[PDB]
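Spelled out, the chains give:
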Amino acid sequence: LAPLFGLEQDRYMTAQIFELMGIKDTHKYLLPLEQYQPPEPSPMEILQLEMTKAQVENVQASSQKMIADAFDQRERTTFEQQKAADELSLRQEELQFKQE
Amino acid sequence: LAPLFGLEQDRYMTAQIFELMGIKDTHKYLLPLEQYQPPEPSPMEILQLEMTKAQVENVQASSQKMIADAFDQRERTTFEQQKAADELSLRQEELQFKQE
Amino acid sequence: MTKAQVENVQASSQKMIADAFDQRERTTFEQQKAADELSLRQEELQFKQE
């Protein structure tokens with residue numbers, strides 16, 4: 001039932017209790033909800049959110065670096081096959097030279 | 001209800017209690033809110049915020065270094081393809097030499 | 001100690017970009033060497049044709 005028992009309902013309950021016991025409730029710290037501005041968040045949760053964001057971003061960066069190095073190895077194997085083909089062509093050229 | 005039960009309301013409540021029991025409240029440590037300056041934050045939370053900022057900045061630095069090395073590997077593969085093309089051109093040059 | 005730790009954190013953060021720029025300069029130097037090798041290839045072609 002807390003999702004419905006917001007702030008204004010609790011304030012009205014406490015105010016009714018006071019009226020039953022002490023009438024003037026505005027005389028002190030307690031403020032009429034009409035002029036109660038919301039609290040100003042602190043830098044702690046802000047920097048905590050920033051740290052969590054940086055951590056998840058580093059996680060995604062590592063995840064992408066994995067596939068990056070995978071593609072790098074694939075391209076390196078392709079280049080090695082290319083070098084093998086070039087060496088075969090050079091072998092054929094040397095055969096032509098020897099036969100001439 | 002705490003967001004409305006600020007400092008001044010609590011001070012008024014305590015002052016009313018005192019008046020009911022002890023009249024002169026200003027005689028001692030308790031100060032009239034009019035001349036109560038806010039507390040001076042300590043270096044502890046400051047250095048903690050600084051450490052959190054440095055940590056998140058290092059996280060972002062690693063995240064960027066990931067893509068940096070990825071682009072480096074991509075450029076290296078491109079350079080390898082360039083070297084393969086150069087070797088093919090040199091093979092054609094050697095073929096021209098042998099045929100001449 | 002807290003100051004030294006945060007300073008080391010900033011030092012690592014800067015070293016990251018430092019090594020990044022180093023790799024960039026190394027790739028640039030590799031492209032330069034490739035251009036030099038192409039020029040030497042053209043020189044060898046001139047030699048062979050002469």
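This entry appears in the Protein Data Bank under the title "Bacteriophage SU10 tail and bottom part of the capsid (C1)".

Chemist: It is not clear to me how the overall build of chain A should be interpreted in this structure. Could you clarify?
Modeler: In terms of regular secondary structure, chain A is built from 2 helices and 0 strands. The C-alpha atoms of chain A give a radius of gyration of 37 Å, which is well past the 13 Å a tight globule of 100 residues would have. Dimensions of chain A along its principal axes, counting C-alpha atoms only, are 120 × 30 × 15 Å. By residue count, 20% of the 100 residues in chain A fall in the buried class. Averaged over its 10 positive side-chain charges, chain A has a centre that lies 3 Å from the centre of its 18 negative ones.

Chemist: Explanation requested: the packing of aromatic side chains in the structure shown.
Modeler: To describe a pair of aromatic rings, you give the distance between the ring centres and the angle between the ring planes. For the structure shown, the criterion picks out 1 aromatic pair over all chains. Between the aromatic rings of A:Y29 and B:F5, the centroid separation amounts to 5.9 Å while the plane-to-plane angle is 85°, which identifies the pairing as edge-to-face. Placement of A:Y29 in the loop between α1 (7-21) and α2 (43-99) and of B:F5 in the segment before α1 (7-21) is noted, with the two residues assigned to different chains. On the basis of relative accessibility, which here comes to 4%, the residue A:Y29 falls in the buried class.

Chemist: Explain α2(A) to me, please; I cannot follow it from the model alone.
Modeler: Helical geometry: 3.6 residues make up each α-helical turn, so side chains three or four residues apart lie on a common side. In a regular helix each residue adds 1.5 Å, so 57 residues correspond to 84 Å; α2(A) covers 82 Å between its end C-alpha atoms and thus fits that length. Burial in α2(A) covers these residues: A:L47, A:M51, A:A54, A:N58, A:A61, A:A68, A:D72, A:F79, A:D86, A:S89 and A:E93. As for α2(A), its buried residues are in contact with α2 (43-99) of chain B.

Chemist: Please explain the interface of chain A and chain B as it appears in this structure.
Modeler: Note: interface size is frequently given as the accessible area lost on complex formation between the parts. Taken residue by residue, the interface counts 42 residues in chain A and 41 residues in chain B. The junction of chain A with chain B conceals about 3400 Å² of combined surface from both sides, 68% of it contributed by carbon and sulfur atoms. Linking chain A to chain B there are 0 salt bridges. Where chain A packs against chain B, one counts 21 residue pairs in polar contact. For the side of chain A that touches chain B, the secondary-structure elements that each account for two or more residues are α1 and α2 of chain A. With 28 residues, the top contributor of residues to the side of chain A that touches chain B is α2(A). Across the side of chain A that touches chain B, the residue classes tally to 18 nonpolar, 10 polar and 14 charged.

Chemist: Can you help me understand the interface of chain C and chain B in this one?
Modeler: At the interface, 20 residues of chain C touch 22 residues of chain B. Both faces combined, the contact of chain C with chain B buries some 1800 Å², and carbon together with sulfur accounts for 65% of it. Sorting the residues of chain C by area buried against chain B places C:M16, C:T27 and C:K48 first, and these three jointly supply 32% of that buried surface. Along the contact surface separating chain C from chain B lie 1 salt bridge. Residues B:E93 and C:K48 are paired through a salt bridge, measuring 3.9 Å at the closest nitrogen-oxygen approach. Remark: the boundary between chain C and chain B carries 5 residue pairs in polar contact. Classifying every residue of the side of chain C that touches chain B gives 5 nonpolar, 8 polar and 7 charged.

Chemist: I keep staring at the environment of B:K24 and nothing clicks. Help me out?
Modeler: All names here are of chain B. Here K24 shows up in the loop between α1 and α2. Residue classification places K24 among the exposed positions, given a relative accessible area of 62%. In the structure, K24 is positioned 43 residues away from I67 in sequence and 69 Å away in space, judged by C-alpha atoms.

Chemist: Which parts of the structure should I look at to understand the pattern of salt bridges?
Modeler: When charged atoms on two side chains of opposite charge get close, those side chains can pair. Applying the stated criterion to the full structure yields 6 salt bridges over all chains. Residue A:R11 pairs with A:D25 through a salt bridge whose shortest N-O separation is 3.6 Å. Of the two residues, A:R11 sits in helix α1 while A:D25 sits in the loop between α1 and α2, which places them 14 residues apart along the sequence. There is no split in this pair, since A:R11 and A:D25 are both buried. The salt bridge involving B:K65 is made with B:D69; its shortest N-O contact spans 4.0 Å. One end of the pair, B:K65, and the other, B:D69, are both in helix α2, 4 residues apart, so they sit about a helical turn from each other.

Scoring rules and cut-offs
Residues numbered from 1 in each chain as written, not as in the entry; some residues may be left out. Chains lettered and ligands numbered in written order. Part of a larger assembly, values for the part shown. Heavy atoms only, no water. Helix = DSSP H or I, 4+ residues; strand = E, 2+ residues; numbered from the N terminus. Rg over C-alpha atoms; globule rule 2.2 N^0.38 Å. Buried < 20%, exposed > 50% of the residue type's maximum accessible area, 1.4 Å probe, protein only. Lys, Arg positive; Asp, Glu negative; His and termini not counted. Charge placed at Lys NZ, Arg CZ, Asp CG, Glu CD. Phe/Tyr/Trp six-rings, centres within 6.5 Å; stacked < 30°, edge-to-face > 60°. Expected span 1.5 Å × (residues − 1). Contact = heavy atoms within 4.5 Å. Buried area = accessible area lost by both parts, 1.4 Å probe. Salt bridge = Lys/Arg side-chain N within 4 Å of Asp/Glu carboxyl O. Polar contact = N/O pair within 3.5 Å; in protein donor to acceptor, adjacent residues only side chain to side chain. Nonpolar A, V, L, I, M, F, W, Y, C, P; charged D, E, K, R; others polar.

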